[PDB]
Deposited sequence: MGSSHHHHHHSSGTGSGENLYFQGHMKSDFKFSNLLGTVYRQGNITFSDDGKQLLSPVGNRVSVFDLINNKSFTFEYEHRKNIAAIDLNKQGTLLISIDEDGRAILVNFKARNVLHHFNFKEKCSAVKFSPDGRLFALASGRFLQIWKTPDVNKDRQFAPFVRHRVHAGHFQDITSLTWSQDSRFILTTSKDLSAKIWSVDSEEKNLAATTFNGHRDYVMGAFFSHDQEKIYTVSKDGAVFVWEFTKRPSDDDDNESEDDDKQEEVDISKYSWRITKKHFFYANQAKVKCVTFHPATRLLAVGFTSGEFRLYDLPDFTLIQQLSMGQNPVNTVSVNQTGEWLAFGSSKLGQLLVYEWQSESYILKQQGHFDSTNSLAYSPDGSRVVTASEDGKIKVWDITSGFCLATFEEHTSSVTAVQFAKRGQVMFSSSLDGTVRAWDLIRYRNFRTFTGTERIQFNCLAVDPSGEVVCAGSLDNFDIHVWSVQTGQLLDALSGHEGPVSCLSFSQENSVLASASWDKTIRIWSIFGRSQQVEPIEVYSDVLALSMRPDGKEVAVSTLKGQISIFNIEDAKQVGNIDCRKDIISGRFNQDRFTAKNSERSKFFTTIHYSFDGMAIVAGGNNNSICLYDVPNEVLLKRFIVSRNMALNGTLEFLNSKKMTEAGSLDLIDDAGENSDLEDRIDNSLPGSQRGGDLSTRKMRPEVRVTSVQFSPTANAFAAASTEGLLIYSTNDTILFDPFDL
């Protein structure tokens, strides 16, 4: 069946980002889920699983098989990275700032408050554990919160940094030395990073005030001191890549910097925005610098030798009204209250374009199928045709007066486009080509609020405040000149593709189906499932007319069997008001897309 697969409009929220071990993919906490970006192919996806709250910390083990993520309350989900299934939950009972697997993947380490926890794979001797990792030791030493962790390449040692202005180094395999083996004093401000150098004979400590200390064995003594002298900015994050000797630093201003150690040579000095750099990652070759800022919330992948950006996105924050799939199913396009229209590439997850001609809320968008032509309707009140190959607005249809448009229907062929208004009881009709006004469809006696064509030429259903469905043919003879009486009110109407039936969603929790030849109700579904009086405001038939997908101002999205009038699957939108305003199958119904308050949601099957 269908599973959550993409979260569009959001690339980074909070927490740490991390490259895969080969340096080719980037993981990004995207709220309470984790996204993965394929940087060499421009694909991304989002994991199905959700945390109870926002993610605070993640790590992918070296062997590329185990993903662990931790929400703000210290509730951790461990995931089979390659099969995408959840393997386990941990409760660490405390806020964790950082988690990191040991290089050999046998261990992982936690920063929970002031403590360093070490977790291990169960010994076959103790022989009766049902968890992939048991806790092996808690290490108590710091006076305040551990800030970051760094493993020693041999996996036997770890560095912690803290707000207590020290770093410490722990022996974390040999049983049992529970106490830090060396403490590193003392910076003025919080120690942000502490790193072994590639040869393991130098340690670097970096601190919020802006200091780097070099430490060598002689006991460990400070050997040199360096300073960023960045003004009105503190170190907000830092990482180090030992083999290429690269230190990447992100500041509370938009600024980030690249150095090498131990020379402390300034290689790069740039900005990413005007907001804090919350997380930084250097990929395996050193060639690629990743940055996350929360406020906006940006994600950057930067190839610094060539001064070019591999990836550069921020979060989107529109209120979406309508969404429409392109016929190939490659893209979905969304309509926004501010009046913007956006084009999204399903496979990359990114926004290809942004039109802004509409000077008022875009109420609907719909594809002429084929080709790359998309129509939009607006309160402003115009209908606009859009070319998606050249990304422009060639035609613009209006009425002989300034009337808002609320709904939109594009004859699939598409000879003609039509739109309903609140400012009258007629359906307005334009020849696409001419592209002038045609004789309206006038018989409704309430404002028309829903429109829907079939695929099989060329039945037009409409729905009105008058609480009736009418059936039209723009040019030929209708298939039902008689009205249909719904008791009511109709929030959404989807015409079955064949054109022999129609479905509507009512103000009661009813999806009801009507035969058009008989103008009588053939099926009613009582929609009762809404993890929230209760209804649906958007429905859509699948291509073969066997399924309806539905959402409304609640937290459930429902997938109904239409013949058997049952529920196939319910999708709880969010696990922490939630609204879904537009819902639609992809052309081959291999997926469906939902415009929610939690962003653009894609559910898929494979």
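- Against the full deposited sequence, the model leaves out several stretches, namely 1-28, 247-271, 586-601, 646-702, 733-742.
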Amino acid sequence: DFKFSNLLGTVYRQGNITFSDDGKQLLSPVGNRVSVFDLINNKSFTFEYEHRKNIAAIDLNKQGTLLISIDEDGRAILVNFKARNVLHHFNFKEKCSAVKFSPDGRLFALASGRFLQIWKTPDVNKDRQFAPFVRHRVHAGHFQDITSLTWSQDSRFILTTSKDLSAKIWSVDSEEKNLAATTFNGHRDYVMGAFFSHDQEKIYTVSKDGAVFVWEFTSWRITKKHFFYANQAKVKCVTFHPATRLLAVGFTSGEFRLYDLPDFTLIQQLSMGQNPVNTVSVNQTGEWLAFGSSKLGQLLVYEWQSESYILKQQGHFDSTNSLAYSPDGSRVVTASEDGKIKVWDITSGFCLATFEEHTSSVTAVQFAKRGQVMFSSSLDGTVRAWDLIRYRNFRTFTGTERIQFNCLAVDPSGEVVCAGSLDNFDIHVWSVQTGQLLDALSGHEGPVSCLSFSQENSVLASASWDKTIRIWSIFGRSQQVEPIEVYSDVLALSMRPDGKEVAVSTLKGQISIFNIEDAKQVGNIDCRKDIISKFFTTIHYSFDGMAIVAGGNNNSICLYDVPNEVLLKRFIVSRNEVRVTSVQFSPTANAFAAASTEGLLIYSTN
From here on, numbers count along this sequence of modelled residues.
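- Taking the PDB entry as given, 458-466 carries the higher mean Cα B factor of the two stretches 285-293 and 458-466.
- For the pair 557-565 and 66-74, the mean B factor over Cα atoms is greater in 557-565.
- When the Cα B-factors of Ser197, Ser102, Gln305, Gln404 are read from the PDB record, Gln404 comes out highest.
- Annotation for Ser166, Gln129, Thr244, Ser348: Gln129 ranks highest, by Cα B-factor.
- Remark: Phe213 belongs to the lowest third of its chain, ranked by C-alpha B-factor as recorded.
- When the modelled residues of the chain are ordered by C-alpha B-factor, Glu201 sits in the middle third.
- Per the deposited record, the Cα B-factor of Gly141 falls in the lowest third when ranked against the other modelled residues of its chain.
- Among all modelled residues in this chain, the alpha-carbon of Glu577 has a temperature factor (C-alpha) in the highest third.
- Per the PDB record, residue ranking by Cα B-factor puts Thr398 in the highest third of the chain.
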